[PDB]
2 protein chains.
Amino acid sequence: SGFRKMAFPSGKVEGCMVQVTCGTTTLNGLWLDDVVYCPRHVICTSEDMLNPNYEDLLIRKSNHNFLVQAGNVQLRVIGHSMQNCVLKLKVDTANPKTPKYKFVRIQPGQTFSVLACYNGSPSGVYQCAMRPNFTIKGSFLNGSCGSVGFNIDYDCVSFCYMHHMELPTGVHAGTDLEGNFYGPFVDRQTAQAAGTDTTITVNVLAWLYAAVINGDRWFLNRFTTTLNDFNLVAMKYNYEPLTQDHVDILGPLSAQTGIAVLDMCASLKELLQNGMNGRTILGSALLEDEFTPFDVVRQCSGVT
Amino acid sequence: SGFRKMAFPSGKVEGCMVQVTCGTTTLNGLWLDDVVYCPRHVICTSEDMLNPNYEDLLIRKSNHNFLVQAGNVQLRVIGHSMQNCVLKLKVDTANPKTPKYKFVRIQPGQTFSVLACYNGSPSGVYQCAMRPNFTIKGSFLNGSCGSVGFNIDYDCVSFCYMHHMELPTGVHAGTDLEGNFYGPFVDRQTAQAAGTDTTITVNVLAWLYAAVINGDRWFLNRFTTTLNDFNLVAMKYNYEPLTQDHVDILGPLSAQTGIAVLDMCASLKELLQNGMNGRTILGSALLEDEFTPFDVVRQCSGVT
Ligand SMILES: Cc1ccncc1NC(=O)Cc1cc(Cl)cc(NCC(C)(C)C#N)c1
Ligand SMILES: Cc1ccncc1NC(=O)Cc1cc(Cl)cc(NCC(C)(C)C#N)c1
């Protein structure tokens, strides 16, 4: 028992991290097979970031201008191309530690682990979620760009995020591994305000099921509700609308605990209306929304 | 910017995890050089756990009764010995992935990463602290025994914890890598109640400095206090006493932010007395105590 914000083991991804330098800019790259992927803004000076024309800036760079170092050894760059907001640097050596992998584009509410890196070296691993406004609340400093987000299914790493920037508000933005930003963000030093960061309802419900499974049951009430009644309350509290697809996804947790999804919705409705009254659930004084229903099942069953 | 509960990258430790089976009991082991370390209760049946005499049970086991599998390959056991509550299984092959390592015994309040494993396979990584009552609040299921806790300093892994059991109250107990339990716990199915789980004051203060560094400043007040006055309040709120050694350890964070340690103590005193009033600090509605001052410096400076 116990329930922790758990990240995937990071070894398979540590084996892919490299340092990429272009001129005076250094950041991280992801080396898979004979390609290193990195944010295209590696070609920019800080002055370029104000109004960059990436195609024009890229014309001034040749393969030898991209310095890629894996551990303490240099990789030879034999090609380069830009795909949306990422650069793909073809190297002459396949990464011998390339795991089985896929590139996936996640939806808001989905969680993933981040391996925060600097200079191609791992600093730490944490778990987060793609927020409903397409930002992530990470822990990243200058030089962390190119650090990646991923999920693992047994031996296959699904890369879903590459870090590109911090918005003026201190939240983070990035792309999938095809170089497409999540949300409306652009890799430019311009006004980019984020939309409403709503609470991921289906994940809160999953976490209340995790709380019941782990014996924290005080919040269970004698009520039920309907999807429409619950959603009226969810809207008022800036929670995402709960759909029948979300109810279906919670079916395994409902079956495990014997608590109908709509009864748990009624317990969540009361928590929103009454507050916590100084109590905690799974050691939190707020309702946690960065565990998906699959995360709860995975952690509560010991998937490896 | 941003501040996350961050674990160390787990790759170096994933390379050390093996499965150990004795009879019908399977758990995890840690393979370093030519020794596999695991909880001694691998020799017990569930019935044995009620009143085990480990020396007597161990007499009935030979080297061939310990099955050690690393990946999908069997290791040959050429010796076995019990050291306190751990077994050391000498194998004929040194682990080729053995990192630079040390065995350390940590003090309450110190944090470490756990690589939760099942059947010698990694499931996830999370960060936790040795509680002042010598328990850890982990996420562990049956079969997780032998999973380890560690810290990393560049390329040296300091192992500090090996998981042995879950107390009847759902909190966790284990040993250092010499097999000595943290706290008064024993590897027996008997009454073992934990003492007061007090809040680690020096870590809360570190985290309030992290909050200031990351721009969450609302809780800073116009007051100061003394160690003795602060400790009167800390005692009332089940917080650990703050010592001058703790003040000294917070000196780098005090210097970075320009906030005297005793002024931050006065802000914490007001938070304890007034509550949060529905506000959050670093996305938490409670005061977080599982970041040490070194963790805050490490995360805020991007150490790799
Ligand atoms: C600084 C940081 C922190 C966390 N995550 C990521 C990052 N880095 C970024 O955001 C990349 C970036 C993007 C834009 Cl639009 C401008 C710049 N300018 C350069 C500098 C003035 C040093 C800064 N900041 C750099
Ligand atoms: C179950 C678990 C969960 C989390 N962390 C660790 C563990 N496992 C343990 O505590 C090991 C342990 C120690 C004692 Cl004193 C007795 C037993 N009995 C066996 C069984 C009835 C299956 C159970 N439980 C097993």
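Note that chain B is numbered according to Swiss-Prot, with residues 3264-3567 shown in order.
Per the header: X-ray crystallography, 1.4 Å.
Cβ from N, Cα, C; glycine included.
Between the listed residues B:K3353, B:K3499, B:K3532, Swiss-Prot assigns ubiquitin cross-link to B:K3353, with no corresponding entry for the rest in that record. Geometry remark: B:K3353 (ubiquitin cross-link) versus B:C3408 (active site, nucleophile), CA distance 19 Å.
Each residue contributes its Cα atom, and for B:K3268 (ubiquitin cross-link) and B:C3408 (active site, nucleophile) those atoms are 23 Å apart. Rounded to a whole value, the Cα-Cα separation of B:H3304 (active site, for 3CL-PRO activity) and B:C3408 (active site, nucleophile) is 9 Å. Around the Cβ of B:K3353 (ubiquitin cross-link), 15 further Cβ atoms fall within 10 Å across all displayed protein chains. Ranking the recorded positions B:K3268, B:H3304 by C-beta neighbours within 10 Å puts B:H3304 at the top. Chain A has a C-beta under 8 angstroms from the C-beta of B:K3268, taken from the recorded positions B:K3268, B:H3304, B:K3353, B:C3408.
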